[PDB]
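**Student:** Can you look at this? It's an experimental structure, sequence on top.
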Amino acid sequence: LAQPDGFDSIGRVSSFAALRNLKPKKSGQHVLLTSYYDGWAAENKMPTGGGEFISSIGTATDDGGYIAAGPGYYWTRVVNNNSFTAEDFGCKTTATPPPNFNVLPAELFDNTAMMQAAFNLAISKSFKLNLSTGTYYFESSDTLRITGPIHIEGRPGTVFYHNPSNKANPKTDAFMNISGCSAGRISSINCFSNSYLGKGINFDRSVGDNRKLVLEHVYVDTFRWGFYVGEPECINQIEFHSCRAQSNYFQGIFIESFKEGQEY
Amino acid sequence: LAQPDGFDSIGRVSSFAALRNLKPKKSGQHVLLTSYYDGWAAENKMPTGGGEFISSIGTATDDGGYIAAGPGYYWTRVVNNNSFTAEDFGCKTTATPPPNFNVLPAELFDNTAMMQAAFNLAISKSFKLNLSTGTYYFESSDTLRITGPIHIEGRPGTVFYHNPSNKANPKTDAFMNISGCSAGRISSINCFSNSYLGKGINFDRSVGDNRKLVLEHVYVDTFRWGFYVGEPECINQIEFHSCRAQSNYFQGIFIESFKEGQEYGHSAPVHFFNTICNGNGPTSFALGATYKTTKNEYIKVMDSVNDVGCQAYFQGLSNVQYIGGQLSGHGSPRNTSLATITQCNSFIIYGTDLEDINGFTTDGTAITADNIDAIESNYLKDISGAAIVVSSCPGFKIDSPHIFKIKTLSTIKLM
């Protein structure tokens, strides 16, 4: 142990799935999670979603990245500096494809269910979500929703790739939906779809007003619409500080409160 | 130790108080601190202020969260990424109370002495202080002082609750005091008191000038004044990027470099960006309200029955830009104006939302369409009677805003 490389003798858990099957001894046990998925050495990469966990004996709902529940026990992730990464929930990145039409990334892993769980934790626990560089692939029938104030800070090169397939009426469905995000912070996210279909980001009144919401370096490209607002009293004091809506089929920014027939 | 749970065999220190009594062996010992306070498992929560410490043999002053001093030794906390949390010094959060008057949080733990220690470390070591979500409770007699450049970053839901009790002259004392914070950054802090008493944030020259200080998403609500400045050459290049001053008894923004008798003094240039002042004036309820302190004492909120207020008050400034904000009185507060500009130079407005003024005069006479003819004759030289009253400001400019619901004599008054 006193050797210069004595830290390797300590045992760890290989993957997050093995953590669900780790029956603890008491309600104060500490373990080390090496990575969310095992086999990172053969893939010539480094662990991403590891950390430290503390055991319990009661009953809790399996979060996916925050709570690893089991039969009569569960583990809770120790969050540092009130911040966590999307890789802590099982999200995978890949190489960014060119902005050519109908060009898909090399690997196709749907991160919709994983990112939705990461968004729910950052809203319910008020933790800052850190996004890694690379391309997050999204091919699902559900919309990625932000239903509360959230702090998202991406890196240079963070890409959200939306595949309009699997969407019922894929011409007008929104990829991301923001509602009730009062005094939120979203930064450094480049969302494109390489298909002139769908809405990039849709601001709604499903939860509440997006009062004093701040967007910085948010890029929306290759969609039927970049920023879509079709409801009054939802973007009251919204702010765009350095944003880009580029190559979207009808409009890059579309804000229409009311239409002909309904009042002011 | 080769098992999947071999990391639990290593021993830890339970609390920060136990770390003070941990006599080491030499000046190179490493130890793991689980949490600042012990007993987090019974409280059904997680450890907050833990970390790793390194031993020494010399003598050092006990910081509270950075140095755990003992007899002939002390431990030093290892800081990562030049950042630390307020929980590392012993601060506790609680559930946020509603913004109702004289409503206190559920748990009452004073975090003033521990937050002051965290502020001192972030200023002396130039570390970034991270604030957790929840309500920090302050019920002390001293003012929370920032006496140097600091980087503070809060979370969505960080609340600084100030209790005006245990404070001599609780009607005019300041909760926070910022001085000498040059090129500092403060973000995402919501300070309210639920009592229309005290100053929210006070800027002064006790240490130096707050040159190029940047405030973002700083909310001040339920105080006698939201942002208070009563000294020249202290906010020379301050910036408000998206701030809110809401439901204060008198004003949301009060800047006055000098008063009568004193000669000229100013700060320049002041920058306001997307800042909103809403609902800041004496209201029907506030005038008749009485604040009950924790010591079972009653304080009358009103100074007089003819108390009148405003949303933003500016005096003795130069080159002030108010870019795309909002000045509005919601809840019908008694206001003489929405913005009062007095003895300024080059005050320019860029597309500010202005609405919902409750017209009153300085002495407390309600401006009504019935007596609109007696107001112009008897109150011509009064600093009131418009949504924006400009007095002795040469380079004024308003630049075509959208205005509505104006229940006073005019929209702009010049004198």
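**Tutor:** Perfect, thanks for sending it. Numbering: from 1, shown residues only, chains lettered A, B, ... in the order given.

**Student:** Going along the chain, name the strands of the stretch 1-150 of chain A.
**Tutor:** In order along the chain, the stretch 1-150 of chain A carries the following strands (DSSP state E, counting those that start in this stretch): A:30-33, A:51-56, A:67-70, A:73-77, A:83-85, A:93-94, A:128-130, A:134-138, A:144-146.

**Student:** So for chain B, which of these sits nearest?
**Tutor:** With Cβ to the nearest Cβ as the measure, strand A:30-33 is the member of the strands of the stretch 1-150 of chain A nearest chain B (4.7 Å). For every residue, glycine as well, the C-beta is placed using N, CA and C.

**Student:** close to chain B, is that closest one?
**Tutor:** Yes: taking Cβ under 8 Å from any Cβ of the partner chain as the criterion, strand A:30-33 and chain B are in contact, through A:30-32.

**Student:** Just put the residues you listed in a markdown table and tack on neighbour count and distance to residue A:121.
**Tutor:** Rendered in a markdown table, the data for the residues of strand A:30-33 next to chain B read as follows (neighbours: other Cβ atoms under 10 Å in any protein chain shown; distance: Cβ to Cβ, whole Å):
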| residue | neighbour count | distance to residue A:121 |
| --- | --- | --- |
| A:30 | 19 | 21 |
| A:31 | 22 | 20 |
| A:32 | 17 | 21 |
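
**Student:** Adding distance to residue A:134, write those out as CSV.
**Tutor:** Putting the residues of strand A:30-33 next to chain B into CSV (distance: Cβ to Cβ, whole Å) gives the following:
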residue, distance to residue A:134
A:30, 31
A:31, 28
A:32, 25
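
**Student:** Which one of the residues you listed is nearest to residue A:46?
**Tutor:** For these, the minimum distance to residue A:46 (Cβ to Cβ) is 15.4 Å, reached by residue A:32.

**Student:** Report the beta-bridge partner residues of that closest one.
**Tutor:** Applying DSSP bridges to residue A:32 gives these bridge partners: residue A:52.

**Student:** related to what we said a few turns ago, to residue A:172, which of the strands of the stretch 1-150 of chain A lies closest?
**Tutor:** Each of these was scored for nearness to residue A:172 using Cβ to Cβ, and the closest is strand A:144-146 (16.1 Å).

**Student:** Against chain B, how distant is residue A:189?
**Tutor:** Residue A:189 is 17 Å from chain B, where distance means Cβ to the nearest Cβ, to the nearest Å.

**Student:** what's the answer for residue A:88, then?
**Tutor:** 15 Å.

**Student:** how much space is there between that residue and residue A:64?
**Tutor:** Distance, residue A:88 to residue A:64, by Cβ to Cβ, to the nearest Å: 9 Å.

**Student:** Show me which of these two is the more surrounded one.
**Tutor:** It is residue A:88, of residue A:88 and residue A:64, that has more neighbours when counted by other Cβ atoms under 10 Å in any protein chain shown, with 26 against 20.

**Student:** Surely residue A:203 and residue A:233 touch.
**Tutor:** No: shown here, residue A:203 and residue A:233 do not form a contact pair, counting by Cβ atoms under 8 Å, at 11.0 Å.

**Student:** Looking at the two, which is more packed in?
**Tutor:** Set side by side, residue A:203 and residue A:233 show unequal neighbour counts under other Cβ under 10 Å, the larger going to residue A:203 at 24 against 11.

**Student:** Not counting its neighbours along the chain, what's nearest the more buried one?
**Tutor:** The spatial neighbour of residue A:203 that comes closest, neighbours along the chain excluded (Cβ to Cβ, 6 or more residues apart in numbering or on different chains), is residue A:229 at 4.8 Å.

**Student:** what do you get for residue A:119?
**Tutor:** Using Cβ to Cβ, 6+ apart and skipping residues adjacent in sequence, the residue nearest residue A:119 is residue A:146, 5.9 Å away.

**Student:** burial count for that neighbour?
**Tutor:** Residue neighbour count, defined by other Cβ under 10 Å, stands at 24 for residue A:146.

**Student:** Check residue A:101 too.
**Tutor:** Residues lying near residue A:101 (other Cβ under 10 Å) number 11.

**Student:** Output the set of residues of the stretch 101-250 of chain A in proximity to chain B.
**Tutor:** For the stretch 101-250 of chain A, the residues found near chain B under the criterion Cβ under 8 Å from any Cβ are A:125-128, A:149-151, A:183-185, A:212, A:214, A:237, A:239.

**Student:** Between those, which sits nearest residue A:57?
**Tutor:** Once Cβ to Cβ is applied, the member of those that ends up nearest residue A:57 is residue A:125, at 21.8 Å.

**Student:** what's the neighbour count on the closest one?
**Tutor:** Under the criterion other Cβ under 10 Å, the count of neighbours that residue A:125 has is 16.

**Student:** what residues are up against residue A:18?
**Tutor:** Each residue near residue A:18 by Cβ atoms under 8 Å, 6 or more residues apart in numbering or on different chains is listed here: A:38, B:4.

**Student:** What of residue A:224?
**Tutor:** When contacts are counted by Cβ under 8 Å, 6+ apart, residue A:224 is found next to A:171-172, A:196-199, A:248-250.

**Student:** So which of the strands of the stretch 1-150 of chain A is nearest residue A:166?
**Tutor:** Proximity to residue A:166 (Cβ to Cβ) singles out strand A:134-138 among these, at 10.0 Å.

**Student:** The nearest residue to residue A:255 once chain neighbours are set aside and chain B, how far apart?
**Tutor:** What sits nearest to residue A:255 in space, not counting adjacent residues and going by Cβ to Cβ, 6+ apart, is residue A:229, at 4.2 Å. Using Cβ to the nearest Cβ, residue A:229 is found at 18 Å from chain B.

**Student:** residues touching residue A:229, list them.
**Tutor:** For residue A:229, the contacting residues are A:202-203, A:235, A:254-257, by Cβ under 8 Å, 6+ apart.
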